[PDB]
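Engineer: Below is a structure I'd like to ask you about.
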Amino acid sequence: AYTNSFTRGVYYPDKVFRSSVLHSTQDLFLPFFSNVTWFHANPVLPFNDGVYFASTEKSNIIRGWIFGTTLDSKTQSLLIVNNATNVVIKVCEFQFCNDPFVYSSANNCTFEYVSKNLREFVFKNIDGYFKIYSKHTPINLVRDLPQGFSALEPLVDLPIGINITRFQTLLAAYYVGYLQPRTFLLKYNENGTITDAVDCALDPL
Amino acid sequence: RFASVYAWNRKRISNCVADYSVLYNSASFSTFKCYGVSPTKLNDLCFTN
Amino acid sequence: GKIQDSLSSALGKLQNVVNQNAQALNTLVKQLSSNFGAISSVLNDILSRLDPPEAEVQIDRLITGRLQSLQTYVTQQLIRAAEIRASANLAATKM
Amino acid sequence: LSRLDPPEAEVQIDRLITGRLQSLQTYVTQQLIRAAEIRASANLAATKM
Amino acid sequence: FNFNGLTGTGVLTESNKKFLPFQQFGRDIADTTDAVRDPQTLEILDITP
Ligand SMILES: *[C@@H]1O[C@H](CO)[C@@H](O[C@@H]2O[C@H](CO)[C@@H](O)[C@H](O)[C@H]2NC(C)=O)[C@H](O)[C@H]1NC(C)=O
Ligand SMILES: *[C@@H]1O[C@H](CO)[C@@H](O)[C@H](O)[C@H]1NC(C)=O
Ligand SMILES: *[C@@H]1O[C@H](CO)[C@@H](O)[C@H](O)[C@H]1NC(C)=O
Ligand SMILES: *[C@@H]1O[C@H](CO)[C@@H](O)[C@H](O)[C@H]1NC(C)=O
Ligand SMILES: *[C@@H]1O[C@H](CO)[C@@H](O)[C@H](O)[C@H]1NC(C)=O
Ligand SMILES: *[C@@H]1O[C@H](CO)[C@@H](O)[C@H](O)[C@H]1NC(C)=O
């Protein structure tokens with residue numbers, strides 16, 4: 001299946017506070033009214049330039065992603081997991097099950113870390129930095145993509161250096177958009193939050 | 001063990017406190033040439049990356 | 001009684017002269033963040049990663065640009081004031 | 001551009017840019033001064049009509 | 001003043017602008033720094049000129 005985003009996948013381009021100021025930016029965004037894949041419950045996808053990723057449930061079936069170029073040994077990859085305990089970021093050379101849902105190798109680790117609902121994420125990878133924005137909104141549905149505006153706040157920053165060309169998902173309904181270089185007009189509140197936006201390449205208006 | 005020149009290494013520095021005056025006056029380096037900045041003003045700048 | 005309704009419910013000629021002046025003053029400040037062909041837009045960045053013989057050449061590129069922009073601002077104000085002057089001269093004759 | 005390499009050509013292209021931008025500013029400033037003279041004439045015509 | 005890289009001059013004053021937990025500093029239109037966050041105590045301060 002395929003579905004239509006309406007106004008989704010807006011993130012704060014960076015720090016620096018700000019108030020009522022229709023500020024104009026050029027960056028990698030998810031264009032308005034886009035063609036987002038639909039998945040039910042999964043396969044190896046591409047990355048190619050960032051990723052939007054929403055998901056819906058009350059239980060927790062979506063238990064992180066896995067990234068990289070080959071998703072195996074002979075080259076390095078990232079692994080982001082969450083058991084019923086808490087998040088586990090990790091960067092080794094792995095041996096991944098072709099249908100993984102545990103691994104089979106954890107060699108040469110170069111980075112470790114340990115510790116209904118709508119959960120959006122924006123993943124991007126620039127200059128050896130793997131940035132992750134996120135937002136958790138409560139739906140009043142169970143598992144369908146709603147409509148509305150909600151800007152995504154930066155979460156993490158990892159100075160890895162890793163190359164990425166592919167990614168997957170991990171399970172115990174989700175969508176995948178892609179990001180392109182667009183120009184947007186963001187409306188800032190007086191507290192400094194983005195309340196509305198304009199995609200400046202959707203038509204003459 | 002350093003890496004070869006055709007596939008060179010690239011280490012990225014993170015949040016730290018760097019002291020370049022102990023590098024500029026080590027008297028063991030055969031060549032210390034800075035290009036985008038004078039060397040004596042190295043200790044006072046905050047390089048984003 | 002109808003003037004009062006039609007206004008209470010038209011002053012575009014007064015709004016336009018306010019808008020033009022603000023649009024010019026904003027363009028003047030927004031030019032303080034262009035390089036004009038230099039390494040940055042900040043003098044505390046050319047005076048921190050360049051020795052004095054090399055920072056002169058980069059400071060002059062900023063000086064030339066900023067002088068150009070200030071003088072453009074001052075010419076367009078003379079031309080806009082000569083037009084406000086004729087309007088006020090007509091208002092004085094109508095009074 | 002096809003007889004020099006970038007570092008060398010950017011220097012000449014900036015001189016060309018500076019001259020060509022000065023010419024356009026001269027043109028626009030004189031059109032502004034010449035249009036205010038045409039407006040004072042059309043205002044006299046409206047009063048005569 | 002110098003706030004971990006931000007070099008400037010002015011009067012510093014206690015703020016009341018809720019810098020979202022992730023905003024390093026403020027910024028007014030026409031792009032001039034007008035608020036900062038103190039790294040040690042993490043409070044927002046306006047920078048009047
Ligand atoms: C940076 O260190 C200072 C102390 O060196 C921290 O100041 C403490 O702040 C707490 C408030 O939660 C006070 O209860 C302590 O008494 C303070 N300590 C001192 C010695 O004054 C400061 O909080 C640290 N920065 C951050 C961001 O936590
Ligand atoms: C998305 O693209 C596919 C490609 O064939 C197309 O079949 C589908 O109709 C498109 N969806 C929308 C909503 O345009
Ligand atoms: C959760 O998974 C991580 C992955 O290595 C593991 O370290 C941790 O021990 C797990 N939680 C528990 C309670 O074992
Ligand atoms: C990575 O692991 C392989 C196999 O364990 C090993 O041969 C290689 O030396 C490791 N990489 C480094 C940099 O040591
Ligand atoms: C990523 O892959 C490309 C393949 O074109 C390679 O040239 C590049 O060096 C790789 N990245 C790094 C950091 O080595
Ligand atoms: C946030 O914004 C709302 C409406 O814009 C305002 O009423 C409130 O005072 C602001 N600050 C808060 C909630 O701390």
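Letters A, B, ... mark the chains of the structure tokens in the order given; residue numbers begin at 1 per chain; ligand numbers begin at 1, in order shown.
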Find the residues near ligand 3. Use a cut-off of 7 Å, count only C-alpha atoms and all ligand atoms, and write them as a PDB file with N, CA and C atoms, in the first residue's frame.

Structural biologist:
```pdb
ATOM      1  N   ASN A  82      15.979  -1.866  21.405  1.00  0.00           N
ATOM      2  CA  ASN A  82      15.299  -1.605  22.661  1.00  0.00           C
ATOM      3  C   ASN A  82      14.596  -2.875  23.120  1.00  0.00           C
ATOM      4  N   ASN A  83      15.164  -3.580  24.105  1.00  0.00           N
ATOM      5  CA  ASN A  83      14.409  -4.643  24.759  1.00  0.00           C
ATOM      6  C   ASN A  83      13.454  -3.993  25.749  1.00  0.00           C
ATOM      7  N   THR A  85      13.869  -3.211  28.492  1.00  0.00           N
ATOM      8  CA  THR A  85      14.640  -2.455  29.469  1.00  0.00           C
ATOM      9  C   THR A  85      14.818  -1.003  29.057  1.00  0.00           C
ATOM     10  N   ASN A  86      15.562  -0.781  27.969  1.00  0.00           N
ATOM     11  CA  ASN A  86      15.861   0.543  27.437  1.00  0.00           C
ATOM     12  C   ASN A  86      16.772   0.418  26.222  1.00  0.00           C
ATOM     13  N   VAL A  88      19.610   0.555  23.327  1.00  0.00           N
ATOM     14  CA  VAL A  88      20.990   0.091  23.250  1.00  0.00           C
ATOM     15  C   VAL A  88      21.583   0.473  21.898  1.00  0.00           C
ATOM     16  N   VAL A 114      24.581   1.797  26.541  1.00  0.00           N
ATOM     17  CA  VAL A 114      23.435   1.090  27.104  1.00  0.00           C
ATOM     18  C   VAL A 114      22.801   2.029  28.116  1.00  0.00           C
TER      19      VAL A 114
END
```

Engineer: Could I get the residue neighbourhood of ligand 4 at 8 Å, counting only C-alpha atoms and all ligand atoms, as a list in words?

Structural biologist: residues 93, 107 and 108 of chain A

Engineer: Counting only C-alpha atoms, give me one row per residue of stretch 11-94 of chain C with an atom at most 12 Å from an atom of stretch 4-19 of chain E, showing the shortest contact pair and its distance in Å to one decimal, sorted by chain then residue number, as a tab-separated table.

Structural biologist:
```
residue	atom	partner	partner_atom	distance
C:42	CA	E:7	CA	10.2
C:43	CA	E:7	CA	10.8
C:44	CA	E:7	CA	7.9
C:45	CA	E:7	CA	9.9
C:48	CA	E:7	CA	11.6
```

Engineer: Please provide as JSON, numbers by chain all residues within 7 Å of residue A:139, with the sequence filter that same-chain residues fewer than 5 positions apart are discarded (counting only C-alpha atoms).

Structural biologist: {"A": [116, 117, 118]}

Engineer: What do you get as a ChimeraX atom specification if you pick all residues at most 8 Å from ligand 1, counting only C-alpha atoms and all ligand atoms?

Structural biologist: /E:39-42

Engineer: Can you work out which residues from chain E touch chain A at a cut-off of 6 Å (counting only C-alpha atoms) and hand them back as a VMD selection string?

Structural biologist: chain E and resid 23 to 27

Engineer: Taking only C-alpha atoms and all ligand atoms into account, list the residues no farther than 12 Å from ligand 5, as a PyMOL selection string.

Structural biologist: (chain A and resi 48+68-70+75-76+125-129+159-165) or (chain B and resi 6-12)

Engineer: Just want the 6 Å neighbourhood of residue B:38, counted on only C-alpha atoms, with same-chain residues fewer than 2 positions away dropped. Output as a list in words.

Structural biologist: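 Everything that qualifies: residues 40 and 41 of chain B; 49, 50 and 51 of chain C.
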
Engineer: Check every residue of chain B for an atom within 12 Å of chain C, counting only C-alpha atoms, and provide those that qualify as an MDAnalysis selection string.

Structural biologist: chainID B and resid 34:47

Engineer: Please produce an output containing N, CA, C and O atoms for each residue in the selection, written as a compact mmCIF listing (two decimals), in the first residue's frame.

Structural biologist:
```
# COMPACT_ATOMS: atom_id res chain seq x y z
N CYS B 34 50.84 26.02 9.94
CA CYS B 34 49.42 26.34 9.98
C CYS B 34 49.10 27.27 8.83
O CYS B 34 49.92 28.10 8.45
N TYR B 35 47.90 27.12 8.27
CA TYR B 35 47.54 27.80 7.03
C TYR B 35 46.38 28.77 7.19
O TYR B 35 46.44 29.89 6.68
N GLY B 36 45.32 28.37 7.89
CA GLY B 36 44.15 29.23 7.98
C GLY B 36 44.17 30.17 9.17
O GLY B 36 43.26 30.99 9.33
N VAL B 37 45.20 30.08 10.01
CA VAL B 37 45.26 30.87 11.24
C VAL B 37 46.73 30.99 11.64
O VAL B 37 47.54 30.12 11.31
N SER B 38 47.08 32.09 12.30
CA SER B 38 48.38 32.20 12.93
C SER B 38 48.48 31.18 14.07
O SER B 38 47.48 30.87 14.72
N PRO B 39 49.67 30.64 14.32
CA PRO B 39 49.78 29.58 15.34
C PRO B 39 49.60 30.09 16.76
O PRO B 39 48.96 29.40 17.58
N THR B 40 50.11 31.28 17.07
CA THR B 40 50.07 31.81 18.43
C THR B 40 48.65 32.11 18.91
O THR B 40 48.42 32.12 20.12
N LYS B 41 47.71 32.34 17.99
CA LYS B 41 46.31 32.48 18.35
C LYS B 41 45.55 31.16 18.29
O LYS B 41 44.35 31.16 18.02
N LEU B 42 46.22 30.03 18.52
CA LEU B 42 45.50 28.76 18.48
C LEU B 42 44.72 28.50 19.76
O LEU B 42 43.67 27.85 19.73
N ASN B 43 45.24 28.98 20.89
CA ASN B 43 44.61 28.78 22.18
C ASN B 43 43.64 29.89 22.57
O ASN B 43 43.98 30.76 23.36
N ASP B 44 42.44 29.84 22.01
CA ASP B 44 41.43 30.84 22.30
C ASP B 44 40.27 30.72 21.32
O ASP B 44 39.28 31.44 21.42
N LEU B 45 40.42 29.81 20.37
CA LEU B 45 39.39 29.58 19.36
C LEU B 45 38.60 28.32 19.66
O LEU B 45 39.12 27.37 20.24
N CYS B 46 37.33 28.32 19.26
CA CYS B 46 36.46 27.17 19.48
C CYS B 46 35.99 26.64 18.13
O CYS B 46 35.01 27.13 17.56
N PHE B 47 36.69 25.63 17.62
CA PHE B 47 36.36 25.05 16.33
C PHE B 47 35.18 24.09 16.41
O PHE B 47 35.28 23.02 17.01
```

Engineer: Using only C-alpha atoms and a distance of at most 8 Å, pull out the residues of chain C that contact chain E, as a JSON list (two decimals) with C-alpha atoms, in the first residue's frame.

Structural biologist:
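part.json was written with the following content:
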```json
[["chain", "number", "residue", "atom", "x", "y", "z"],
["C", 26, "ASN", "CA", 16.02, 46.00, 7.01],
["C", 29, "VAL", "CA", 21.12, 45.58, 8.37],
["C", 30, "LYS", "CA", 20.86, 42.31, 6.44],
["C", 44, "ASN", "CA", 36.60, 38.96, 15.23]]
```

Engineer: Any idea what's packed within 10 Å of stretch 27-29 of chain D, counting only C-alpha atoms, ignoring anything in its chain fewer than 3 positions away? Could you give it as a PyMOL selection string?

Structural biologist: (chain C and resi 72+75-76+79) or (chain D and resi 21-24+32-34)

Engineer: Distance limit 7 Å, reference ligand 2, atoms considered: only C-alpha atoms and all ligand atoms. Which residues make the cut? Give them as a PyMOL selection string.

Structural biologist: chain A and resi 2-4+35

Engineer: Please write the residues from the selection above to a file, keeping N, CA and C atoms, as a PDB file, in the first residue's frame.

Structural biologist:
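Saved file part_14.pdb follows:
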```
ATOM      1  N   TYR A   2       0.259   2.368  -0.406  1.00  0.00           N
ATOM      2  CA  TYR A   2       0.894   3.674  -0.349  1.00  0.00           C
ATOM      3  C   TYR A   2      -0.111   4.632   0.254  1.00  0.00           C
ATOM      4  N   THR A   3       0.389   5.684   0.889  1.00  0.00           N
ATOM      5  CA  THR A   3      -0.478   6.643   1.547  1.00  0.00           C
ATOM      6  C   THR A   3       0.098   8.033   1.320  1.00  0.00           C
ATOM      7  N   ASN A   4      -0.670   9.035   1.732  1.00  0.00           N
ATOM      8  CA  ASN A   4      -0.367  10.434   1.508  1.00  0.00           C
ATOM      9  C   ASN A   4      -0.124  11.105   2.849  1.00  0.00           C
ATOM     10  N   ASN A  35       4.261  10.591  -1.275  1.00  0.00           N
ATOM     11  CA  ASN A  35       3.873   9.214  -1.543  1.00  0.00           C
ATOM     12  C   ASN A  35       4.675   8.308  -0.617  1.00  0.00           C
TER      13      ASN A  35
END
```

Engineer: For stretch 10-14 of chain D, work out the shell of residues within 10 Å, counting only C-alpha atoms and skipping chain neighbours fewer than 6 positions away, then give it as an mmCIF file with C-alpha atoms, in the first residue's frame.

Structural biologist:
```
data_model
loop_
_atom_site.group_PDB
_atom_site.id
_atom_site.type_symbol
_atom_site.label_atom_id
_atom_site.label_comp_id
_atom_site.auth_asym_id
_atom_site.auth_seq_id
_atom_site.Cartn_x
_atom_site.Cartn_y
_atom_site.Cartn_z
ATOM 1 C CA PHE C 36 31.659 40.285 -0.437
ATOM 2 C CA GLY C 37 34.473 37.834 -1.142
ATOM 3 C CA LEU D 1 37.507 30.622 -17.740
ATOM 4 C CA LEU D 4 43.013 29.723 -16.287
ATOM 5 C CA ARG D 20 29.205 45.121 -14.371
#
```

Engineer: Using Å and a single decimal, report how far atom CA of residue C:70 sits from atom CA of residue C:38.

Structural biologist: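 That distance, rounded to one decimal, is 18.5 Å.
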
Engineer: Taking 4 positions as the minimum chain separation for residues in the same chain, which residues sit within 9 Å of stretch 194-201 of chain A when counting only C-alpha atoms? Answer as a ChimeraX atom specification.

Structural biologist: /A:7,10-12,19-20,22,31-32,149-151,182-189,205

Engineer: Filtering to N, CA and C atoms, could you give me those residues as a PDB file, in the first residue's frame?

Structural biologist:
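Resulting contents of selection.pdb:
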```pdb
ATOM      1  N   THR A   7       1.087  17.200   6.101  1.00  0.00           N
ATOM      2  CA  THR A   7       2.118  18.150   6.501  1.00  0.00           C
ATOM      3  C   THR A   7       2.855  17.469   7.652  1.00  0.00           C
ATOM      4  N   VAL A  10       8.546  17.787   9.711  1.00  0.00           N
ATOM      5  CA  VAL A  10       9.202  19.072   9.902  1.00  0.00           C
ATOM      6  C   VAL A  10      10.002  19.000  11.192  1.00  0.00           C
ATOM      7  N   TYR A  11      11.282  19.326  11.107  1.00  0.00           N
ATOM      8  CA  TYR A  11      12.162  19.309  12.260  1.00  0.00           C
ATOM      9  C   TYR A  11      12.847  20.658  12.397  1.00  0.00           C
ATOM     10  N   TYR A  12      13.249  20.972  13.620  1.00  0.00           N
ATOM     11  CA  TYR A  12      14.011  22.184  13.880  1.00  0.00           C
ATOM     12  C   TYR A  12      15.394  22.038  13.269  1.00  0.00           C
ATOM     13  N   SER A  19      11.312  33.307  17.844  1.00  0.00           N
ATOM     14  CA  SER A  19       9.894  33.557  18.058  1.00  0.00           C
ATOM     15  C   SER A  19       9.205  33.878  16.741  1.00  0.00           C
ATOM     16  N   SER A  20       8.035  34.503  16.833  1.00  0.00           N
ATOM     17  CA  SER A  20       7.256  34.869  15.654  1.00  0.00           C
ATOM     18  C   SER A  20       8.129  35.440  14.541  1.00  0.00           C
ATOM     19  N   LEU A  22       8.478  34.284  10.397  1.00  0.00           N
ATOM     20  CA  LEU A  22       8.376  33.434   9.217  1.00  0.00           C
ATOM     21  C   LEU A  22       9.769  33.324   8.610  1.00  0.00           C
ATOM     22  N   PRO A  31       8.769  16.443   1.333  1.00  0.00           N
ATOM     23  CA  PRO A  31       7.823  17.350   0.671  1.00  0.00           C
ATOM     24  C   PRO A  31       6.391  17.136   1.113  1.00  0.00           C
ATOM     25  N   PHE A  32       5.588  18.190   1.102  1.00  0.00           N
ATOM     26  CA  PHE A  32       4.206  18.068   1.528  1.00  0.00           C
ATOM     27  C   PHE A  32       3.430  17.222   0.533  1.00  0.00           C
ATOM     28  N   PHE A 149      -0.109  19.053  12.115  1.00  0.00           N
ATOM     29  CA  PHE A 149       1.236  19.610  12.113  1.00  0.00           C
ATOM     30  C   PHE A 149       1.895  19.387  13.464  1.00  0.00           C
ATOM     31  N   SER A 150       3.129  18.882  13.436  1.00  0.00           N
ATOM     32  CA  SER A 150       3.881  18.634  14.656  1.00  0.00           C
ATOM     33  C   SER A 150       5.370  18.565  14.348  1.00  0.00           C
ATOM     34  N   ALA A 151       6.142  19.547  14.808  1.00  0.00           N
ATOM     35  CA  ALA A 151       7.558  19.637  14.479  1.00  0.00           C
ATOM     36  C   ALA A 151       8.396  18.718  15.361  1.00  0.00           C
ATOM     37  N   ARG A 182      14.685  20.834  -0.203  1.00  0.00           N
ATOM     38  CA  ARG A 182      13.607  21.781  -0.417  1.00  0.00           C
ATOM     39  C   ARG A 182      13.902  23.099   0.295  1.00  0.00           C
ATOM     40  N   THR A 183      13.005  24.057   0.096  1.00  0.00           N
ATOM     41  CA  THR A 183      13.026  25.362   0.739  1.00  0.00           C
ATOM     42  C   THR A 183      11.683  25.571   1.406  1.00  0.00           C
ATOM     43  N   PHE A 184      11.691  25.827   2.704  1.00  0.00           N
ATOM     44  CA  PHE A 184      10.460  25.976   3.462  1.00  0.00           C
ATOM     45  C   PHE A 184      10.407  27.333   4.145  1.00  0.00           C
ATOM     46  N   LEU A 185       9.200  27.694   4.575  1.00  0.00           N
ATOM     47  CA  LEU A 185       8.943  28.916   5.328  1.00  0.00           C
ATOM     48  C   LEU A 185       8.277  28.504   6.636  1.00  0.00           C
ATOM     49  N   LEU A 186       9.019  28.615   7.735  1.00  0.00           N
ATOM     50  CA  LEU A 186       8.542  28.177   9.035  1.00  0.00           C
ATOM     51  C   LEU A 186       8.014  29.351   9.838  1.00  0.00           C
ATOM     52  N   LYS A 187       6.862  29.165  10.461  1.00  0.00           N
ATOM     53  CA  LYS A 187       6.264  30.175  11.318  1.00  0.00           C
ATOM     54  C   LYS A 187       6.597  29.851  12.761  1.00  0.00           C
ATOM     55  N   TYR A 188       7.235  30.785  13.451  1.00  0.00           N
ATOM     56  CA  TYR A 188       7.659  30.564  14.819  1.00  0.00           C
ATOM     57  C   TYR A 188       6.704  31.249  15.782  1.00  0.00           C
ATOM     58  N   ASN A 189       6.330  30.529  16.828  1.00  0.00           N
ATOM     59  CA  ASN A 189       5.515  31.045  17.911  1.00  0.00           C
ATOM     60  C   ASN A 189       6.310  32.058  18.731  1.00  0.00           C
ATOM     61  N   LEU A 205       0.943  29.239  -5.724  1.00  0.00           N
ATOM     62  CA  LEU A 205       0.651  29.916  -4.465  1.00  0.00           C
ATOM     63  C   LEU A 205       1.806  29.812  -3.474  1.00  0.00           C
TER      64      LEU A 205
END
```
